[PDB]
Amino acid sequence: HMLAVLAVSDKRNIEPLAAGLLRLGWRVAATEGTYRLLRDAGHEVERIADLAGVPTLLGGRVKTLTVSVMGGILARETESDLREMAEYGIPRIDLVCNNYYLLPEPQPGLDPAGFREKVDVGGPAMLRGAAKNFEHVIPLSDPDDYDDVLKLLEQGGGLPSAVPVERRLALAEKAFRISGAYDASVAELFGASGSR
């Protein structure tokens, strides 16, 4: 029935969420960092790379940029999308969790090495896609929202409908806000990189 993708750089509260979803019968898949932490803690999390992804291809830089992962987030409930999900065997991704690493301060002559490869590309694609499709994907970013979502799913037997439309739109607006502030900070670092 269910599937979550955990692609967080800030690991705070990620274990009570992953464990809470696993006890509800959900399938929990994670990117590279979250996976090793959750598996060492003894949770049956799946690797988002091997699963519906593209592992080792470019050091894993496209591992969530596949039809299976991005289609599982963006596909509508139209007859045409349901048919194509069935033809290709693409399950729906019901929950996306995406966090960003801490970025340094904008100082003149900033070396791009201090922030650039920490910039997430596939992550925000999943989170912005989940927020745009919030009726069918739960978009989580702030670790302070994990508990209320997990509790809601726990009252409603783990079904994604247990998170109402009203809560999904609030999380979706928050997701775009976090992404917008993330890009504005990264732009400031590139601008400071161009000074002396």
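Throughout, we count residues from 1 along the sequence that is shown.
Asker: Higher mean Cα B-factor in the deposited model: 126-134 or 156-164?
Answerer: Going by the record's values, the stretch with the higher mean is 156-164.
Asker: Tell me which stretch has the larger mean Cα B-factor in this entry, 27-35 or 51-59.
Answerer: According to the PDB entry, the answer is 51-59.
Asker: Which has the highest CA B-factor per the PDB entry: 93, 97, 113, 85?
Answerer: By C-alpha B-factor in the record, 113 ranks first.
Asker: Which third, lowest, middle or highest, does the CA B-factor of residue 169 fall in along this chain?
Answerer: Within its chain, residue 169 is a highest-third residue by C-alpha B-factor, going by the deposited values.
Asker: For residue 108, does the deposited CA B-factor place it in the lowest, middle or highest third of the chain?
Answerer: Highest third, going by the recorded CA B-factors of the chain.
Asker: Sort the modelled residues of this chain by their C-alpha B factor and say whether residue 186 lands in the lowest, middle or highest third.
Answerer: According to the entry, residue 186 has a C-alpha B-factor in the chain's middle third.
Asker: Looking at the temperature factor on the CA atom of residue 17, which third of the chain's modelled residues does it land in?
Answerer: Within its chain, residue 17 is a lowest-third residue by C-alpha B-factor, going by the deposited values.
Asker: Please place residue 44 in the lowest, middle or highest third of its chain by C-alpha B factor as given in the entry.
Answerer: It falls in the top third of the chain.
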